[PDB]
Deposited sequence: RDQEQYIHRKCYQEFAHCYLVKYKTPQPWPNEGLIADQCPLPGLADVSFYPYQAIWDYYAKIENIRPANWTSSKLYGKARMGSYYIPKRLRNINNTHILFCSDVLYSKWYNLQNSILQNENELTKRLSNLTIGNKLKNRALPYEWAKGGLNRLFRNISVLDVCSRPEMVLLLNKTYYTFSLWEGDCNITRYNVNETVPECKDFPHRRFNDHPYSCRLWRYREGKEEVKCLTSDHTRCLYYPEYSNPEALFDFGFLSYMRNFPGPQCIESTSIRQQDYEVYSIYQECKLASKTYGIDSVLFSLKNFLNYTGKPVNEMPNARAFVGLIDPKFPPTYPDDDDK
């Protein structure tokens, strides 16, 4: 009780929301380009109309002026300009586990409106119940992550999660679903929306319309003698420079087109370990000081501590880590 509540205090304040997901088979995010129209773009103005979207870190921004032989494949690989480039580091076939310290994935029983007393009580009570040792029972997870999943600990990831927790989605999503208003996708063109979209057959200005239109080939045209400052012509245009068209289409403000295609990324059940539960159990055998020291170094497996990262972004890949760690 005295040493149990002391171990709980230390284990909770440090590792309450820290978990280790093991992929059945190491499977990285399969594409270099991400189509996520549900997220608003940064916009041309100095001050954006939307608060910073973490996904903007991966934005393949179109610049109107580029050197004579500039192509998008130099910085953004196969990604479409105007959408997102997923860097090498977030699609590493060597990563076998996903370490994260975050409370953004809890289901409805956890929320800020509740006092910290209620949240802490309910989380430790669910962690005890939903674990065999330090391993979470399948019922704690979403069904998509593991068969028999009932969201008793973690909620399902949603369409907007990638806008604010991009690494969580790239690393944990079992399926990639596009959200697209790009002309050509799902065979929807500016000419056939009156046939592909049932709710349309001709109100909000954005009704029955695509966002980005198919222009043609990507090219750099040098009109003047300056060969370091030529006219860039992208494959697609944003004709009215709209930055939240897709976000408003998602938030169901009006009728019109939407293209949602799925790509299976990870197959087979995840294994999830609770680092608070591991802390609580290993401290009875090795002592709180060595368990706290060891689990802290485990959170620094990459050189940057995961518990010191912002909650929305504290999702990192590890290569064949030894868990539980060696306790001195």
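Residues 203 to 209, 336 to 340 of the deposited sequence, counted from 1, carry no C-alpha coordinates in the model.
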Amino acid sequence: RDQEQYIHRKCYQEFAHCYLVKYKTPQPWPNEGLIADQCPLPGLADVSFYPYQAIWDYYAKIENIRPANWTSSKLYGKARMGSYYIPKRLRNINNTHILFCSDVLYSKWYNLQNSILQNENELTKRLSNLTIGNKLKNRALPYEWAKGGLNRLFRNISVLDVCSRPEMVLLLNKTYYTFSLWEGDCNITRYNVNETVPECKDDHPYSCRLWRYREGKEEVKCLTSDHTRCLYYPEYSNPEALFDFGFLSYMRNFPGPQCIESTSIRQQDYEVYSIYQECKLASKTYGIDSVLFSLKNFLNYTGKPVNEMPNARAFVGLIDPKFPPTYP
From here on, numbers count along this sequence of modelled residues.
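For the pair 301 to 309 and 13 to 21, the mean B factor over Cα atoms is greater in 301 to 309. The PDB entry reports B-factors from which the mean C-alpha value can be compared for 221 to 229 and 82 to 90; the larger average falls on 221 to 229. When the Cα B-factors of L172, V193, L105, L136 are read from the PDB record, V193 comes out highest. Within the group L34, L41, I55, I288, the record's highest C-alpha temperature factor is found at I288. When the CA B factors of the chain's modelled residues are split into thirds, the value for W29 lands in the middle one. Among all modelled residues in its chain, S48 ranks in the highest third by Cα B-factor.
Sort the chain's modelled residues by C-alpha temperature factor and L117 lands in the middle third, per the entry. Compared with the other modelled residues of the chain, the Cα B-factor recorded for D161 ranks in the lowest third.
Among the modelled residues of the chain, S180 sits in the lowest third by CA temperature factor in this PDB entry.
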